[PDB]
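So this first bit is one chain, no partners, the form deposited in one PDB entry, shown in structure tokens.
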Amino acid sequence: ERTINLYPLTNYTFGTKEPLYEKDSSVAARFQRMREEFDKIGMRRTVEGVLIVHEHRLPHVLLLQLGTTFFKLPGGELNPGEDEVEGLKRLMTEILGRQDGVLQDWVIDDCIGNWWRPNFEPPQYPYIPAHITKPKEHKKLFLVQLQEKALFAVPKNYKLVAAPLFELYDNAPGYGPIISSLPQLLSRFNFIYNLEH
């Protein structure tokens, strides 16, 4: 039985750093680069981290907001050959890593899901359909354990939000199939809701 410590949102201080922009400017260009890279390096390998806090003894998932309606987990595509866990730590530091001289280590241990994209299209599933032999993207989700107190730096374009589980639950129109299916996947863990002070 996996025992995870959760701490209140206020235990963490959220600073700011210079804006980070996506390699793609539109949805059509996103699938365009995917098509090009599939003929070069093959299947894309993506990783994302699930940072969990709590408020009022209920688990909250930290999401990066872009505008009013688009949410994402911190992560991104791996460079060819790169180890999944090391690549995530790199990708984490790039997005949420503190700006000063003190090190912020990432405790990334538990895999919580795998998602495959069968075509150069939006749909993803937690399995490969029986007629698919060459998936186009393979995503991987890891639980990131935050320590008692931590400093993060959020790029100016993004904003950081703590999404309660009930907000995500059964709310695919709100957050998408992956993020909205998080509560179910996260229920195996035994969370301790530590208080402030």
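Shifts are known only where both forms have a C-alpha. Residue numbers run from 1 along the displayed sequence. Only the largest set of C-alpha atoms that superpose within 1.5 Å between the two forms is called the rigid core.
Although not depicted, the form deposited with a small molecule bound is the subject of the following passage.
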Interface segment, criterion being heavy atoms within 4.5 Å of the small molecule in the deposited bound form, picked from 161-169, 52-60, 128-136, 66-74 = 66-74
Indicate whether the small molecule has at least one heavy atom within 4.5 Å of a heavy atom of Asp100 in the deposited bound form.
-> yes
Hey, in the deposited bound form, is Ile108 touching the small molecule, heavy atoms inside 4.5 Å?
-> no
Using heavy atoms and a 4.5 Å limit, would one call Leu185 a contact residue for the small molecule in the deposited bound form?
-> no
Do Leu143 and the small molecule share at least one heavy atom pair within 4.5 Å in the deposited bound form?
-> no
Rigid core superposition, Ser26 Cα moves 2 angstroms or more between the shown form and the other one = no
Is the C-alpha displacement of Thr133 equal to or greater than 2 Å between the shown form and the other one once the rigid core has been superposed?
-> no
Superposed on the rigid core, which segments of at least three residues move by 2 angstroms or more at the Cα between the shown form and the other one?
-> 67-69, 101-103
